[PDB]
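To start, the structure itself, in structure tokens.
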Amino acid sequence: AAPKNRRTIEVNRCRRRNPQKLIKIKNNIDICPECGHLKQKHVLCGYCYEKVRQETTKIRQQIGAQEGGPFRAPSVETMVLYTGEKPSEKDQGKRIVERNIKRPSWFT
Amino acid sequence: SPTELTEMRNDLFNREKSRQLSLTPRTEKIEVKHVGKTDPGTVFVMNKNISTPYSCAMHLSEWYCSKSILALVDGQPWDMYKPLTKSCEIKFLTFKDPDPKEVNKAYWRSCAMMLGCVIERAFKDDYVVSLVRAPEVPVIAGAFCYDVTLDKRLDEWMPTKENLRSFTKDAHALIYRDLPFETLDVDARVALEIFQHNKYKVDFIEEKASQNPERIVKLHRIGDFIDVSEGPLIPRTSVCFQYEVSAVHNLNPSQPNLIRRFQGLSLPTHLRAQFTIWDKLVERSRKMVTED
Amino acid sequence: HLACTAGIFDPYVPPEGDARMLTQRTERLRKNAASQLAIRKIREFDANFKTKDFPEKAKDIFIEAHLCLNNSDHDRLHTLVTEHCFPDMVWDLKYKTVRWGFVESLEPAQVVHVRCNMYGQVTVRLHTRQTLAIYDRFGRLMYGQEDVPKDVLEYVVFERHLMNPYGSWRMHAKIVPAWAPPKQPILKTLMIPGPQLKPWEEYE
Amino acid sequence: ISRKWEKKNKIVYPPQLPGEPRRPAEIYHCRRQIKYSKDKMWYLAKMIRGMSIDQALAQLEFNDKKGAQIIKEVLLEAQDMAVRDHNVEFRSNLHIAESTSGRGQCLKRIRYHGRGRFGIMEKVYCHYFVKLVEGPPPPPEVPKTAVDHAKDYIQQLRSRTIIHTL
Amino acid sequence: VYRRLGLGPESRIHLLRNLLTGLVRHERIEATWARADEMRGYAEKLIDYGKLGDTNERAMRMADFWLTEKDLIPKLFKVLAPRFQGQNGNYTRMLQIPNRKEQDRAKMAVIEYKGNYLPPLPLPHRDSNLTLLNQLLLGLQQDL
Ligand SMILES: [Zn+2]
Numbered sequence: 078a079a080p081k082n083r084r085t086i087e088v089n090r091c092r093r094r095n096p097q098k099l100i101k102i103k104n105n106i107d108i109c110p111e112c113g114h115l116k117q118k119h120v121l122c123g124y125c126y127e128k129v130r131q132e133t134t135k136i137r138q139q140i141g142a143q144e145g146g147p148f149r150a151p152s153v154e155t156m157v158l159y160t161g162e163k164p165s166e167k168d169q170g171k172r173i174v175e176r177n178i179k180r181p182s183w184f185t
Numbered sequence: 033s034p035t036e037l038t039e040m041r042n043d044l045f046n047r048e049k050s051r052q053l054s055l056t057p058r059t060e061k062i063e064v065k066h067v068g069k070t071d072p073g074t075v076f077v078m079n080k081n082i083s084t085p086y087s088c089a090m091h092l093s094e095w096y097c098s099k100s101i102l103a104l105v106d107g108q109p110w111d112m113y114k115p116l117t118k119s120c121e122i123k124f125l126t127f128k129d130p131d132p133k134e135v136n137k138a139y140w141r142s143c144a145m146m147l148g149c150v151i152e153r154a155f156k157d158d159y160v161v162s163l164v165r166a167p168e169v170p171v172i173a174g175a176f177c178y179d180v181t182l183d184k185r186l187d188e189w190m191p192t193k194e195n196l197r198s199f200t201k202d203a204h205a206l207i208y209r210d211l212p213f214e215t216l217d218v219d220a221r222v223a224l225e226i227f228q229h230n231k232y233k234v235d236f237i238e239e240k241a242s243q244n245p246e247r248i249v250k251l252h253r254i255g256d257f258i259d260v261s262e263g264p265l266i267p268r269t270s271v272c273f274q275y276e277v278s279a280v281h282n283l284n285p286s287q288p289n290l291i292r293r294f295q296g297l298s299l300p301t302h303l304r305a306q307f308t309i310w311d312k313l314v315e316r317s318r319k320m321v322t323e324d
Numbered sequence: 077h078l079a080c081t082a083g084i085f086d087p088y089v090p091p092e093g094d095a096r097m105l106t107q108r109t110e111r112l113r114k115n116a117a118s119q120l121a122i123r124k125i126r127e128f129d130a131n132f133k134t135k136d137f138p139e140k141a142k143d144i145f146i147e148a149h150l151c152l153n154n155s156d157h158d159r160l161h162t163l164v165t166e167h168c169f170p171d172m173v174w175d176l177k178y179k180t181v182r183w184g185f186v187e188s189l190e191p192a193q194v195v196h197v198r199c207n208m209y210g211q212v213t214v215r216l217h218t219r220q221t222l223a224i225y226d227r228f229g230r231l232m233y234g235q236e237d238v239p240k241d242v243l244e245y246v247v248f249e250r251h252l253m254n255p256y257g258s259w260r261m262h263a264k265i266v267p268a269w270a271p272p273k274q275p276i277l278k279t280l281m282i283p284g285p286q287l288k289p290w291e292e293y294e
Numbered sequence: 041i042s043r044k045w046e047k048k049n050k051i052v053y054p055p056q057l058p059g060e061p062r063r064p065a066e067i068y069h070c071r072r073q074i075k076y077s078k079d080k081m082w083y084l085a086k087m088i089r090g091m092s093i094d095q096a097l098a099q100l101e102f103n104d105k106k107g108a109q110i111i112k113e114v115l116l117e118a119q120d121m122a123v124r125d126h127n128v129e130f131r132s133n134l135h136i137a138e139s140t141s142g143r144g145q146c147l148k149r150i151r152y153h154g155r156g157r158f159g160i161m162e163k164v165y166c167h168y169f170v171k172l173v174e175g176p177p178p179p180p181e182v183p184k185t186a187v188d189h190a191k192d193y194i195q196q197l198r199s200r201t202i203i204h205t206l
Numbered sequence: 014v015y016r017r018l019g020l021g022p023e024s025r026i027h028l029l030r031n032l033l034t035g036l037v038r039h040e041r042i043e044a045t046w047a048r049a050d051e052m053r054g055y056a057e058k059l060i061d062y063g064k065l066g067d068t069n070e071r072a073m074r075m076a077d078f079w080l081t082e083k084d085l086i087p088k089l090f091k092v093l094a095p096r097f098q099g100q101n102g103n104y105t106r107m108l109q110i111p112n113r114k115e116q117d118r119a120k121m122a123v124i125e126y127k128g129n130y131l132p133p134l135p136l137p138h139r140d141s142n143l144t145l146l147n148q149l150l151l152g153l154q155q156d157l
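Chains as they are written, first to last, in UniProt numbering: chain A, 78 to 185; chain B, 33 to 324; chain C, 77 to 97, 105 to 199, 207 to 294; chain D, 41 to 206; chain E, 14 to 157.
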């Protein structure tokens, strides 16, 4: 549907420059102490979260190799151990995952 | 007249600044390494006795300037606008630090100094008002206290609700003015001359001069008003968001002069409070606070 | 085609305290065994090259080349300096305006050491007070003072193509003695960045 | 094609005299070819006009439009050269003086339709122009008070001049 | 009380079944925020079925249908159920993650089983009591 005459640039300029059509500023921006990067007040930091996922992938890779087959999910609890930490009696009766890396500072 | 004292007080403050500026020849480069938790290890080459922690914050980002209220130079609290003196390790202190007790004291002292400024100019020049000292009370006490000695003419006068509101208006105007806290370390001899008329201020200058091996004393100036400080103060008066003159308690030994301890509460913009919370805090801040 | 060779054939070693300093002139005679045979080689092609009189001719080239910087006389500066020297003088002056002046030389210029199909490089010792002030694109002053004299002692190497009949002495390189003090610092302040690391990585 | 925005960045002012105030720095940066509509980019440009360097970066980081990501890269590049070449001492001490987008050369193609129709396919490109001035953003406008408006009206009545009389 | 998901009611449960099976296997899954919230209730109720007892015949039918991989069925009754015996609820932790930068800008969240062996998530921390405002509140508390 076309108007019976061409729409003037002046008319068009007013429509696009109306405040309703302009981009709004956001004041909910926050700083992440953990990563030192920006975050939203309702959103978690991704720089630190990225570390968790990367460690999770590495941990998951170790578990997959240890299982050695599909549909081999243990019926017993699982635990992760890093270099410098040795399985204890409390770790008995739990699947033990060994990580070549030392215990991460953030991970406890 | 009080205006004359402020004029001469302002001049000596200005001349001291010139002498310190003249004392330092040329610009000397000092390597300051950032030991702050965020962006650690950055080393800034800075001009000695010229650069301030605010300049370093300007170098990094505006977020640093807005959220930094103080600086930890070699583990020592430093005002954001205090010129740097040597190569050191610098960290920025914020209101949300895990241990803001050092920050709390600086905010506590700065609020007391602002209260003292209000008292001296609140009363008419006809009456005689002399500031005795700013008592140091814990934040847990719930109110910051400033002691002032009034003239005999005011012995029978007690502030009303409107009079207390007038004091807050002066304090609110000072916050609105957003006057930066100027910092000068001055010898007792000059400091004694600056506050010679106020005998009570004279002794406080002597006490600080006595503690340190030298006679250097810490002087802070808000606009024309100047006062001695126990420690570092807030960079600017705009930090406070809520301000209130809760109550005034007259000390019983008022024979030579009527010593009044004024109770007030203030909150920084970084730490806003709910309306009901502020009301309860103001009510809890109207109780006499002793020094223990 | 190259009319100059980068580098110095043999780097002369300056002795500490030479600024305080007959005497040094005799040192060349003592070291003439090392350099006079080289001086003869320049003399063979020219026969008018003398260590005593070269500094005056050398000094003019050094000052004149610096003058071209004020007027950005690139064409003139090409002749004064060798191809190697030209980029060094002007590369860092891009988008900058500089007022450079030469104050009276503190001590007379003297040839210090020379070496040599055949390219002859002559080291000349110059102590001179100069005034330098560099401004930004916007005219803001960023380095030096407009009319303050700074006393600097340096050893300047000029070079000539002996083989070419029209070969002439053109400024090639400068030797900086270790005992010389550091140059004046820039007005603006610099920052040394901290290490950059990936998320999983830790501070070092 | 015209590239005068870059030439504006090549302008060199005469050396300032010692008794002359330090000239505020001006940085002209632009991205000539962007596979984006100028109008959409203009909306982003309009909002960020007059804002500080840090504020603009923070707003862009949480923006969902592709153009905003492009602007942030352009803004980051402008800041880097400003410190590197325009002698900007403080990274935070920068604000967006000007921000606008321009049309870029497009590509012409025919859009086929499944049922024998055709359309005019156009590959849009745009230019983005920003000028950055060292220093904090200028203070915002303050609306006129009732007293200010009233005074002007009285002045206007007094300022009136009689027409076509001796 | 239910989000309109899937090409049909079966698809939602099958999609939930796929989501539930993955979470049990890995114990921490990243998915769109809406899906994570929808499946959080099912995961909590499944843990209750594990608590009901391994011998419970009804639990097996629920576990067998919901968990396509049958190796997880022993795990639920012998790993998940023993783990959560002390807990009375809140077995699943769901947090909002920044939206995917995949040109669709989907709302993202991460749902994990509490007590897992995976590294702790970067959870938000409330302000410390040492803060000036908290210290002032502490004084008011002491007086009262
Ligand atoms: Zn983080």
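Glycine included, C-beta positions come from ideal geometry on N, C-alpha and C.
Cβ-Cβ separation, residue j to residue i (assumed contact under 8 Å), whole Å
i: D157/B; j: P34/B; result: 5 Å
i: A118/D; j: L57/D; result: With a Cβ gap of about 29 Å, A118/D and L57/D do not count as contacting.
i: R72/D; j: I136/D; result: Actually they do not touch by this definition, with Cβ atoms about 19 Å apart.
i: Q235/C; j: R215/C; result: Not a contact, Cβ separation roughly 25 Å.
i: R198/C; j: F85/C; result: 4 Å
Cutoff 6 Å; reference residue i; Cβ partners in own chain excluding five residues on either side
i: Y233/C; result: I224 and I276
i: residue 3/B; result: Because chain B here runs from 33 to 324, residue 3/B falls outside it and cannot be looked at.
i: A223/B; result: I237 and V249
i: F185/C; result: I146 and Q220
i: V277/B; result: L196, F199, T200 and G296
i: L18/E; result: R25
i: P151/A; result: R172
Beta-bridge partners of residue i, as assigned by DSSP
i: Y152/D; result: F158/D
i: residue 208/D; result: In the structure as shown, chain D starts at 41 and stops at 206, and residue 208/D therefore has no counterpart that could be examined.
i: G296/B; result: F176/B and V277/B
i: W183/C; result: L222/C
i: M261/C; result: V164/C and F248/C
i: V161/B; result: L182/B
i: residue 98/C; result: In the model shown, chain C runs from 97 to 105 with nothing in between, leaving residue 98/C without coordinates.
i: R41/E; result: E125/E
i: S188/C; result: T218/C
Residues near residue i by beta carbon distance below 7 Å, same chain, minus five either side
i: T155/A; result: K171, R172 and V174
i: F155/B; result: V161
i: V123/D; result: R131
i: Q145/D; result: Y165
Own chain partners of residue i with C-beta closer than 8 Å, once the 5 adjacent residues on each side are dropped
i: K91/E; result: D67
i: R318/B; result: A175, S278, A279 and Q295
Members of the segment 127-160 of chain B near chain C, C-beta cut-off 7 Å: none
What are the residues of the segment 274-285 of chain C that lie near chain A, defined by any Cβ-Cβ distance shorter than 9 Å? none
Check distances from the C-beta atoms of the segment 102-114 of chain A to those of chain B and list, in chain order, the residues that come in under 7 Å. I108 and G113
Minimum length 3: unbroken beta strand (DSSP E) runs contained in the segment 55-131 of chain E: 105-110 and 121-126
Taking beta-carbon pairs under 9 Å, can you tell me which members of the segment 78-108 of chain D lie near chain A? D79, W82, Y83, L84, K86, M87, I88, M91, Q95, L97, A98, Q99, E101, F102, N103, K105 and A108
Closer than 7 Å, Cβ to any Cβ of chain C: which residues of the segment 168-199 of chain D, in chain order? none
Considering only residues of the UniProt domain "TGS" (60-126) of chain B, which uninterrupted beta strand (DSSP E) runs meet the minimum length of 3 residues and lie entirely inside it, listed in chain order? 61-66, 75-79, 102-105, 108-111 and 121-125
Near-chain A residues of the segment 69-82 of chain B (beta-carbon distance less than 9 Å), N- to C-terminal order: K69, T70 and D71
What are the residues in the segment 124-145 of chain D lying within 8 Å of chain C by C-beta distance? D125, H126, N127 and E129
Note down, one range per segment and in chain order, each alpha helix (DSSP H) of at least 4 residues found wholly within the segment 178-257 of chain B. 193-209, 220-226 and 231-243
Closer than 7 Å, Cβ to any Cβ of chain A: which residues of the segment 82-116 of chain B, in chain order? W95
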